[PDB]
């Protein structure tokens, strides 16, 4: 059961500079925290991680998930959340669960960050919990998938 984790622009710079707002934890560390959570719960999940600064690479990857044995996507589109109708469209055509995560509470920042095009296209949105938000996304993803397949039977 494969989950694709997509990390948008600038998230690779996390923690390395300790630049206050986003915190001390690096992107790799966030990804280790995710693995840890997967093992410590015996959840039946293999993660693929992907980070990019290109809007087009985010769309490419969402698209490459379509034909494949990828069950769901957890995504933090970063600054593209607010601007990218294109990623929003790609999310709408993914035909599989997409969950949007934000480290910070984007409700509580500048006006230009409150809107999330991408988040409106997702099933659900998690914001403001730091790295923990990603594990919350994993929990929900596992439940969302469990419930999708339960119904099948």
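Positions refer to the first chain, counted from 1. For the two forms, the rigid core is made up of the largest set of C-alpha atoms that agree within 1.5 Å on superposition.
| query | How do 66 to 74 and 53 to 61 compare in 7 other deposited structures of this protein: which one has C-alphas farther from this form after the rigid core is matched? | reply | Clearly, after the core fit, the stretch farther away in 7 other deposited structures of this protein is 66 to 74.
| task | Would you mind comparing 119 to 127 and 88 to 96 for me and telling me which has the higher average C-alpha temperature factor in the entry? | result | The stretch with the larger mean CA B-factor is 88 to 96.
| task | Between 9 to 17 and 135 to 143, name whichever shows the higher mean Cα B factor according to the PDB entry. | result | Mean B over CA atoms: larger for 9 to 17.
| said: Splitting the chain's C-alpha B-factors into thirds, which one does residue 39 fall into? | reply: Its C-alpha B-factor belongs to the highest third of this chain's values.
| field | Modelled-residue ranking by C-alpha temperature factor, third containing residue 108 | value | It falls in the middle third of the chain.
| request: Going by the recorded CA B-factors, say which third of the chain residue 65 sits in, lowest, middle or highest. | output: Highest third.
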